[PDB]
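Colleague: Submitted below is the structure of interest, expressed as structure tokens.
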Amino acid sequence: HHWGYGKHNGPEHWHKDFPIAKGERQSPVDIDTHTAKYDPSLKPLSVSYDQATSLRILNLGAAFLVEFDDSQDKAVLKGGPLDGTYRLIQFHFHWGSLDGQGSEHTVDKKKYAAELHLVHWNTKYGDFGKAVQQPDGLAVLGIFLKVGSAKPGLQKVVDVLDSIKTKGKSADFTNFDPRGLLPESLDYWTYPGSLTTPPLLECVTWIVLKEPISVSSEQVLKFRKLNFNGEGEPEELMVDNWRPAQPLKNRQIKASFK
Ligand SMILES: [Zn+2]
């Protein structure tokens, strides 16, 4: 009876196995744009993905991950609110059963159709496993998806999903350029938070881009054909794999823009 997104194992149940679910810096949160504070101390955000090396795409049950070779400084995030260098390890998405929901962060309570998370770890901690045990261990770039025009750079991801329909399946996925998933503007909000899936560790500097990317109805429809279950198990569509907004508590959200 492990955690998931269903009626009896979903987000309101997670605290029983993971008490930090009710902690002081949990994610996601609602971003109240009018209460967010423009911060002049914020240095420019640096996304250097030119030598990114994707390896594989995997259905882990709760989402699919595109994983990268993070054994060298090849795809890094720096600047913004960050001190030091954070290395890209994987990206994944959260999405809804309907276009009206799916994102984890919300903006003035608005839910987007999906949310992309590019996960990076602080190189001063040597690897991801050690990084998640640190309060500044990860930097996650969050990007909202709305339904409209297709995102051409997403299409290679959507076309391989038929090969990883069920939990446990993986496929080779080399030479994918995550620059094709970024919006024009790097304007962002930032705040200290957590992983949004168990173990919910409070190790994340969140950087959430203001500008969503547009993806087509057909593209998100393909996300919804995935399965939470493994092959040969009862079919349950991988939809609504999002945690809702958590209390902001003693935190301020900062904006990079005015
Ligand atoms: Zn995520």
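Under the deposited numbering, read the sequence shown as residues 3 to 125, 127 to 261, first letter to last.
C-beta: ideal position from N, C-alpha, C; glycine also.
Inspect the CB distances between the segment 59 to 67 and the segment 181 to 192 and report whether three or more fall short of 8 Å.
Modeller: Output reads no: the segment 181 to 192 does not touch the segment 59 to 67.
Colleague: Out of curiosity, what's the CA-to-CA distance linking residue 2 and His107?
Modeller: Outside the modelled stretch of the chain, which goes from 3 to 261, sits residue 2, for which no answer is possible.
Colleague: Can the beta-carbon of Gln137 be found closer than 8 Å to that of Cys206?
Modeller: As a position in the sequence shown, residue 137 is number 134, starting the count at 1. As a position in the sequence shown, residue 206 is number 203, starting the count at 1. Going by C-beta atoms, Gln137 is nearer than 8 Å to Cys206.
Colleague: Relative to the alpha-carbon of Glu26, which residue among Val242, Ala65, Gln255 has its alpha-carbon at the smallest distance?
Modeller: Locating residue 26 in the sequence shown gives position 24, counting from the first residue. The candidate whose alpha carbon is nearest that of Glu26 is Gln255.
Colleague: Taking the continuous beta strand (DSSP E) assigned at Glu117, which residues delimit it?
Modeller: Numbered from its first residue, the sequence shown carries residue 117 at position 115. 116 to 124 is the span of the beta strand (DSSP E), which, as asked, contains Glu117.
Colleague: For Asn244 versus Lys170, is the C-beta distance shorter than 8 Å?
Modeller: The count along the sequence shown starts at 1 and reaches residue 244 at position 241. The count along the sequence shown starts at 1 and reaches residue 170 at position 167. Their beta carbons are not under 8 Å apart, which means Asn244 does not touch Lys170 by this criterion.
Colleague: Taking the alpha helix (DSSP H) that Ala134 falls in, what are its first and last residues?
Modeller: For the purposes of this step, residue 134 is taken as residue 131 along the sequence shown, with counting starting at 1. 131 to 134 is the span of the alpha helix (DSSP H), which, as asked, contains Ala134.
Colleague: I'd like to check one pair, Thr87 with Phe70: are the Cβ atoms closer than 8 Å?
Modeller: Walking along the sequence shown from the start, residue 70 turns up at place 68. Walking along the sequence shown from the start, residue 87 turns up at place 85. Not a contact, by the Cβ cut-off of 8 Å.
Colleague: Can you give the Cα-Cα distance for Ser259 and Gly82, rounded to whole angstroms?
Modeller: Taking the sequence shown and counting its residues from 1, one reaches residue 259 at position 256. Taking the sequence shown and counting its residues from 1, one reaches residue 82 at position 80. Each residue's alpha carbon lies about 8 Å from the other.
Colleague: Ligand 1: which residues have Cβ under 6 Å from any of its heavy atoms, chain order?
Modeller: My final list is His94, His96, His119, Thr199.
Colleague: Give a yes or no on whether the C-beta atoms belonging to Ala142 and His94 are separated by under 8 Å.
Modeller: For the purposes of this step, residue 142 is taken as the residue at position 139 of the sequence shown. For the purposes of this step, residue 94 is taken as the residue at position 92 of the sequence shown. No; because the gap between Cβ atoms is not below 8 Å, this pair is not in contact.
Colleague: Whose C-beta lies closer than 6 Å to the C-beta of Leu67 among residues of the same chain, with five residues either side of it excluded?
Modeller: Walking along the sequence shown from the start, residue 67 turns up at place 65. Counting only Cβ-Cβ distances below 6 Å, and skipping sequence neighbours, we find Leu60, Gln92, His94.
Colleague: What does the alpha-carbon distance come out to for the pair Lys168 and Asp72?
Modeller: Position 165 of the sequence shown, counting from 1, holds the residue named residue 168. Position 70 of the sequence shown, counting from 1, holds the residue named residue 72. So the two alpha carbons sit approximately 26 Å from each other.
Colleague: Rounded to the nearest angstrom, what separates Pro13 and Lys261 at their Cα positions?
Modeller: On the sequence shown, position 11 is the one that residue 13 refers to. On the sequence shown, position 258 is the one that residue 261 refers to. Distance between the alpha carbons of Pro13 and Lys261 is about 34 Å.
Colleague: Compute the Euclidean distance between the alpha carbons of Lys18 and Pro201, then round it to the nearest angstrom.
Modeller: As a working note, residue 18 is residue 16 in the sequence shown. As a working note, residue 201 is residue 198 in the sequence shown. Going from the Cα of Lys18 to the Cα of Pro201 covers about 11 Å.
Colleague: Going by DSSP in three states, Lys213 sits in which element: helix, strand or coil?
Modeller: The residue given as residue 213 occupies position 210 in the sequence shown. Coil at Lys213, not helix or strand.
Colleague: List the DSSP bridge partners of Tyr40.
Modeller: One-based indexing of the sequence shown puts residue 40 at position 38. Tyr40 is bridged to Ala258.
Colleague: Thinking C-alpha only, which one of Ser152, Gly151, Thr177 is nearest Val163?
Modeller: Here residue 163 refers to the residue found at position 160 when the sequence shown is read from its first residue. Among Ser152, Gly151, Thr177, the Cα nearest to that of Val163 is on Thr177.
Colleague: Assign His94 to one of three DSSP states: helix, strand, or coil.
Modeller: In the sequence shown, residue 94 corresponds to position 92, counting from 1. Note: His94 maps to strand in three-state DSSP.
Colleague: Going by DSSP, what residues sit across from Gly145 in a beta bridge?
Modeller: The residue labelled residue 145 in the question sits at position 142 within the sequence shown. Per DSSP, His119, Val211.
Colleague: Distance, Cα to Cα, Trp16 vs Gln28?
Modeller: Against the sequence shown, residue 16 aligns to sequence position 14. Against the sequence shown, residue 28 aligns to sequence position 26. Answer to the nearest angstrom: the Cα atoms are 12 Å apart.
Colleague: Is the beta carbon of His96 closer than 8 Å to that of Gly104?
Modeller: On the sequence shown, residue 104 is found 102 positions in, with the first residue counted as 1. On the sequence shown, residue 96 is found 94 positions in, with the first residue counted as 1. Taking 8 Å as the Cβ cut-off, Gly104 and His96 qualify as a contacting pair.
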